[PDB]
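Next comes final.cif, a file with mmCIF, C-alpha atoms and all ligand atoms.
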data_coords
loop_
_atom_site.label_atom_id
_atom_site.label_comp_id
_atom_site.auth_asym_id
_atom_site.auth_seq_id
_atom_site.Cartn_x
_atom_site.Cartn_y
_atom_site.Cartn_z
CA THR A 2 10.01 23.15 -11.17
CA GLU A 3 10.28 20.36 -8.57
CA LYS A 4 6.63 19.27 -8.57
CA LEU A 5 5.09 15.79 -8.55
CA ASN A 6 5.03 13.55 -5.48
CA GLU A 7 8.68 13.20 -4.59
CA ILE A 8 9.79 11.24 -1.54
CA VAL A 9 13.26 11.88 -0.16
CA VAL A 10 14.89 8.73 1.16
CA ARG A 11 15.75 9.65 4.74
CA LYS A 12 18.57 8.24 6.82
CA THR A 13 16.18 8.17 9.79
CA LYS A 14 13.37 6.07 8.27
CA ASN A 15 14.10 2.44 7.50
CA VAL A 16 13.70 0.95 4.03
CA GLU A 17 10.47 -0.91 4.83
CA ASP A 18 8.88 2.27 6.14
CA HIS A 19 9.67 4.03 2.83
CA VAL A 20 8.28 1.09 0.85
CA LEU A 21 5.04 1.13 2.83
CA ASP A 22 4.82 4.92 2.43
CA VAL A 23 5.00 4.63 -1.38
CA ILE A 24 2.28 1.98 -1.51
CA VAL A 25 0.05 4.26 0.60
CA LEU A 26 0.34 6.78 -2.23
CA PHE A 27 -0.20 4.16 -4.94
CA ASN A 28 -3.39 2.87 -3.31
CA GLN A 29 -5.10 6.25 -3.28
CA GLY A 30 -4.59 6.79 -6.98
CA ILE A 31 -1.26 8.64 -7.03
CA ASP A 32 0.23 6.33 -9.67
CA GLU A 33 3.63 7.93 -10.21
CA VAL A 34 6.12 8.51 -7.42
CA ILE A 35 9.69 9.79 -7.44
CA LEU A 36 12.26 8.34 -5.03
CA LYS A 37 15.15 10.72 -4.39
CA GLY A 38 18.40 9.75 -2.75
CA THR A 39 21.41 11.99 -2.17
CA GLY A 40 24.93 11.01 -1.16
CA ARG A 41 25.13 7.80 0.83
CA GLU A 42 21.34 7.53 0.68
CA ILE A 43 21.58 6.79 -3.05
CA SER A 44 22.19 3.16 -2.09
CA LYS A 45 19.19 3.28 0.21
CA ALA A 46 16.93 4.61 -2.58
CA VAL A 47 17.80 1.59 -4.72
CA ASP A 48 17.13 -0.63 -1.70
CA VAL A 49 13.67 0.89 -1.39
CA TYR A 50 12.94 0.26 -5.05
CA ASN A 51 14.08 -3.34 -4.85
CA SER A 52 11.87 -4.02 -1.81
CA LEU A 53 8.96 -2.37 -3.60
CA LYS A 54 9.62 -4.50 -6.68
CA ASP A 55 9.75 -7.69 -4.61
CA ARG A 56 6.28 -7.17 -3.22
CA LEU A 57 4.55 -5.58 -6.23
CA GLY A 58 6.31 -7.45 -9.04
CA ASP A 59 4.74 -6.69 -12.41
CA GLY A 60 2.56 -4.16 -10.58
CA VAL A 61 5.28 -1.51 -10.44
CA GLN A 62 7.62 -0.27 -13.16
CA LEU A 63 10.83 1.69 -12.92
CA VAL A 64 10.09 4.29 -15.59
CA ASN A 65 13.58 5.79 -15.59
CA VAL A 66 16.70 6.56 -13.57
CA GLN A 67 18.22 10.03 -13.35
CA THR A 68 21.58 10.76 -11.73
CA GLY A 69 23.16 14.15 -11.19
CA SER A 70 25.07 16.42 -8.84
CA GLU A 71 23.64 19.21 -6.68
CA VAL A 72 24.66 21.84 -4.13
CA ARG A 73 23.42 21.01 -0.62
CA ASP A 74 25.62 21.90 2.37
CA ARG A 75 28.80 23.38 0.86
CA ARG A 76 30.07 20.86 -1.68
CA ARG A 77 28.62 19.11 -4.72
CA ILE A 78 26.83 15.95 -3.60
CA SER A 79 25.56 13.23 -5.92
CA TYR A 80 21.88 12.28 -6.26
CA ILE A 81 19.63 9.70 -7.93
CA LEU A 82 15.98 9.83 -8.99
CA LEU A 83 13.98 6.64 -9.46
CA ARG A 84 10.64 7.37 -11.13
CA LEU A 85 8.09 4.72 -10.31
CA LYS A 86 4.72 4.02 -11.91
CA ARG A 87 2.09 1.74 -10.40
CA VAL A 88 0.72 -0.38 -13.26
CA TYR A 89 -2.47 -2.43 -13.55
CA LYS B 4 34.26 -9.17 -17.82
CA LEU B 5 37.21 -7.18 -19.18
CA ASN B 6 35.52 -3.81 -19.69
CA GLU B 7 33.60 -3.77 -16.41
CA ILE B 8 34.69 -1.77 -13.37
CA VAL B 9 33.55 -3.12 -10.00
CA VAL B 10 33.52 -0.20 -7.57
CA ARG B 11 35.48 -1.26 -4.47
CA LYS B 12 35.06 -0.17 -0.87
CA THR B 13 38.80 0.30 -0.37
CA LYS B 14 39.60 2.45 -3.43
CA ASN B 15 38.68 6.11 -3.65
CA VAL B 16 36.34 7.60 -6.25
CA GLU B 17 39.08 9.21 -8.31
CA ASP B 18 40.95 5.91 -8.54
CA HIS B 19 37.96 4.32 -10.29
CA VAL B 20 37.59 7.32 -12.60
CA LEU B 21 41.21 6.80 -13.68
CA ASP B 22 40.54 3.09 -14.27
CA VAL B 23 37.87 4.08 -16.80
CA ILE B 24 39.97 6.71 -18.60
CA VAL B 25 42.70 4.10 -18.91
CA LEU B 26 40.26 1.81 -20.71
CA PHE B 27 38.96 4.67 -22.83
CA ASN B 28 42.53 5.56 -23.78
CA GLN B 29 43.09 1.89 -24.57
CA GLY B 30 40.53 2.31 -27.34
CA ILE B 31 37.64 0.64 -25.50
CA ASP B 32 34.28 2.04 -26.61
CA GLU B 33 32.11 1.03 -23.67
CA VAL B 34 32.73 0.23 -20.02
CA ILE B 35 30.41 -1.12 -17.35
CA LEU B 36 30.55 0.61 -13.94
CA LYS B 37 29.07 -1.62 -11.21
CA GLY B 38 28.38 -1.03 -7.53
CA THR B 39 26.59 -3.22 -4.99
CA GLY B 40 25.32 -2.46 -1.50
CA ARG B 41 26.94 0.62 0.02
CA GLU B 42 29.10 1.09 -3.08
CA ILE B 43 26.06 1.96 -5.23
CA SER B 44 26.43 5.54 -4.00
CA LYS B 45 30.10 5.43 -4.87
CA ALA B 46 29.40 4.14 -8.39
CA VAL B 47 27.27 7.23 -9.01
CA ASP B 48 30.01 9.32 -7.40
CA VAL B 49 32.46 7.85 -9.91
CA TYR B 50 30.16 8.71 -12.82
CA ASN B 51 29.62 12.33 -11.81
CA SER B 52 33.37 12.60 -11.37
CA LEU B 53 34.02 11.07 -14.80
CA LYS B 54 31.53 13.47 -16.36
CA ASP B 55 33.10 16.43 -14.54
CA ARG B 56 36.43 15.44 -16.08
CA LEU B 57 35.51 14.27 -19.59
CA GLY B 58 32.17 16.03 -19.95
CA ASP B 59 30.71 15.72 -23.45
CA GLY B 60 33.56 13.29 -24.02
CA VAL B 61 31.60 10.62 -22.18
CA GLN B 62 28.01 9.41 -22.38
CA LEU B 63 25.84 7.28 -20.12
CA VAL B 64 23.92 4.83 -22.31
CA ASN B 65 21.68 3.37 -19.60
CA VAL B 66 21.38 2.62 -15.89
CA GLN B 67 20.37 -0.85 -14.65
CA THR B 68 19.36 -1.32 -11.01
CA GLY B 69 18.16 -4.49 -9.33
CA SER B 70 19.13 -7.19 -6.87
CA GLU B 71 21.42 -10.20 -6.93
CA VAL B 72 22.26 -12.97 -4.51
CA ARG B 73 25.60 -12.92 -2.68
CA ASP B 74 26.40 -15.43 0.07
CA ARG B 75 22.77 -16.61 0.14
CA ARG B 76 21.69 -13.03 0.84
CA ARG B 77 20.00 -10.45 -1.38
CA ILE B 78 22.00 -7.33 -2.23
CA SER B 79 21.22 -4.34 -4.47
CA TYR B 80 23.37 -3.34 -7.44
CA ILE B 81 23.53 -0.54 -9.99
CA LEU B 82 25.05 -0.68 -13.46
CA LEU B 83 26.09 2.33 -15.50
CA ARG B 84 26.83 1.55 -19.15
CA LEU B 85 29.24 4.23 -20.38
CA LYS B 86 30.15 5.12 -23.96
CA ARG B 87 33.54 6.65 -24.84
CA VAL B 88 32.31 9.16 -27.46
CA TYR B 89 35.45 9.78 -29.54
ZN ZN C 101 6.94 6.52 6.68
#
Just give me the structure of the file as C-alpha cells.
Amino acid sequence: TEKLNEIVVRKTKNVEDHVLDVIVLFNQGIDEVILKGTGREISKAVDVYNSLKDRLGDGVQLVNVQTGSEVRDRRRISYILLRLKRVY
Amino acid sequence: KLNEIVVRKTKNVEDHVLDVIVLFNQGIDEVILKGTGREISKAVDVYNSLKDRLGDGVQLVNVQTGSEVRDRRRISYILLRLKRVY
C-alpha cells in the first residue's frame, strides 16, 4: 500500500541535506517523490519543498498536498504528504 | 482579512478550532487557516482537530504552501481553505 519513493523528513538531517537527497533521485530518472512529515516535522517538510522550489523553479511541481492523522507512538499524530514531480 | 485564522504560537490547538467554529456559527461559509514557520505543524493540527469534531460537517477546499518574506527573511507558510458545508 505504501509504495513509491517516499522520503521521511527526519529531525536529524538538515533541510539542505533532504533537498539534495531528492535531487539525487530526480537526476537518475525517479521523477516523482513523496515528502512525508509527521508532527513537528510537518513544518520541516514544507521547508524542504520550498528550498527545492527555489533551486529548481519551473523544473519541479507540487502535484498535491495530503494531510491526515496516524497512530505512531501511542497517540494520534498529524502528518503531511507533499508529492513532487520533476518536470522538463 | 476577516475570515482568516492566523495560527499563533501562544494559543493552543483547540483554541484555534473554537475560533473557526465561532465563524462557522456566525454564518461564514469559508475560513482561511494560516500557519508560518513552526506553526505550520500546528495549522495542520488545528485542521485534524476541526475534522475530528465536525467531520463531514467541514471540508478542506485546497492547501497552499509556499514562502513569504518577514523581517527581510524568508519563511514558509501553509494555507488551508476550509468550507463550512451546511
Ligand atoms: Zn541525506
Please return as a PyMOL selection string the residues found within 6 Å of ligand ZN 101 (chain C), counting only C-alpha atoms and all ligand atoms.
chain A and resi 18-19+22
Counting all atoms listed in the file, which residue out of A:24, A:88, A:31, A:43 sits closest to residue 12 of chain A?
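Selected residue with least distance to residue 12 of chain A: A:43.
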Compile the contact shell of residue 41 of chain B as a VMD selection string: residues with an atom at most 9 Å away, counting all atoms listed in the file, same-chain residues fewer than 2 positions apart removed.
(chain A and resid 41 to 45) or (chain B and resid 12 38 to 39 43 to 45 79)
Which residues are close to residue 10 of chain B, i.e. within 12 Å by all atoms listed in the file, leaving aside same-chain residues fewer than 6 positions away? Reply as a VMD selection string.
chain B and resid 16 to 20 22 to 23 35 to 50 80 to 83
Taking only C-alpha atoms into account, name the residue in B:31, B:21, B:78, B:26 that is nearest to residue 56 of chain B.
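Result for the nearest residue to residue 56 of chain B: B:21.
Closest approach to residue 48 of chain A from the set B:86, B:75, B:63, B:69 is made by B:69, with distances taken over all atoms listed in the file.
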Select all residues from chain A having any atom no more than 9 Å from an atom of chain B (counting all atoms listed in the file, ignoring ligands), output as a PDB file with C-alpha atoms, in the coordinates of the input.
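Final file, out_8.pdb:
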ATOM      1  CA  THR A  39      21.410  11.990  -2.170  1.00  0.00           C
ATOM      2  CA  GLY A  40      24.930  11.010  -1.160  1.00  0.00           C
ATOM      3  CA  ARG A  41      25.130   7.800   0.830  1.00  0.00           C
ATOM      4  CA  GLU A  42      21.340   7.530   0.680  1.00  0.00           C
ATOM      5  CA  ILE A  43      21.580   6.790  -3.050  1.00  0.00           C
ATOM      6  CA  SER A  44      22.190   3.160  -2.090  1.00  0.00           C
ATOM      7  CA  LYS A  45      19.190   3.280   0.210  1.00  0.00           C
ATOM      8  CA  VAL A  47      17.800   1.590  -4.720  1.00  0.00           C
ATOM      9  CA  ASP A  48      17.130  -0.630  -1.700  1.00  0.00           C
ATOM     10  CA  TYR A  50      12.940   0.260  -5.050  1.00  0.00           C
ATOM     11  CA  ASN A  51      14.080  -3.340  -4.850  1.00  0.00           C
ATOM     12  CA  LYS A  54       9.620  -4.500  -6.680  1.00  0.00           C
ATOM     13  CA  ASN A  65      13.580   5.790 -15.590  1.00  0.00           C
ATOM     14  CA  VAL A  66      16.700   6.560 -13.570  1.00  0.00           C
ATOM     15  CA  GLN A  67      18.220  10.030 -13.350  1.00  0.00           C
ATOM     16  CA  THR A  68      21.580  10.760 -11.730  1.00  0.00           C
ATOM     17  CA  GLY A  69      23.160  14.150 -11.190  1.00  0.00           C
ATOM     18  CA  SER A  70      25.070  16.420  -8.840  1.00  0.00           C
ATOM     19  CA  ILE A  78      26.830  15.950  -3.600  1.00  0.00           C
ATOM     20  CA  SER A  79      25.560  13.230  -5.920  1.00  0.00           C
ATOM     21  CA  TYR A  80      21.880  12.280  -6.260  1.00  0.00           C
ATOM     22  CA  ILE A  81      19.630   9.700  -7.930  1.00  0.00           C
TER      23      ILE A  81
END
Which is closest to residue 8 of chain B among B:85, B:29, B:53, B:34, if we use only C-alpha atoms?
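Ranked by minimum distance to residue 8 of chain B, first place goes to B:34.
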Residues within 8 Å of residue 49 of chain A, please, as a PyMOL selection string. Count all atoms listed in the file; anything in the same chain fewer than 5 positions from it doesn't count.
chain A and resi 16-17+19-20
Do you know which residues are at most 6 Å from residue 10 of chain A counting only C-alpha atoms, after dropping those on the same chain fewer than 5 positions away, and could you put them as a JSON list (two decimals) with C-alpha atoms, in the frame of the given file?
[["chain", "number", "residue", "atom", "x", "y", "z"],
["A", 37, "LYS", "CA", 15.15, 10.72, -4.39],
["A", 38, "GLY", "CA", 18.40, 9.75, -2.75],
["A", 46, "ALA", "CA", 16.93, 4.61, -2.58]]
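Nearest residue to residue 32 of chain A, choosing from A:53, A:62, A:74, A:11 and counting all atoms listed in the file: A:62.
For residue 34 of chain A, the list of residues within 8 Å, based on all atoms listed in the file and with local chain neighbours fewer than 3 positions off taken out, reads residues 5, 6, 7, 8, 23, 26, 31, 84, 85 and 86 of chain A.
Atom pair atom CA of residue 64 of chain B / atom CA of residue 6 of chain B has a distance of 14.7 Å (rounded to one decimal).
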Please measure the separation of atom CA of residue 15 of chain A and atom CA of residue 63 of chain A, giving the value in Å to one decimal.
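These atoms are spaced 20.7 Å apart.
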Padding 8 Å on every side, please: axis-aligned box over the listed atoms of segment 45-64 of chain A, centre and edge lengths to one decimal in Å, as lines of an AutoDock Vina configuration file.
center_x = 10.9
center_y = -1.5
center_z = -7.7
size_x = 32.6
size_y = 28.3
size_z = 31.8
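With atom CA of residue 33 of chain B on one side and atom CA of residue 87 of chain B on the other, the separation reads 5.9 Å.
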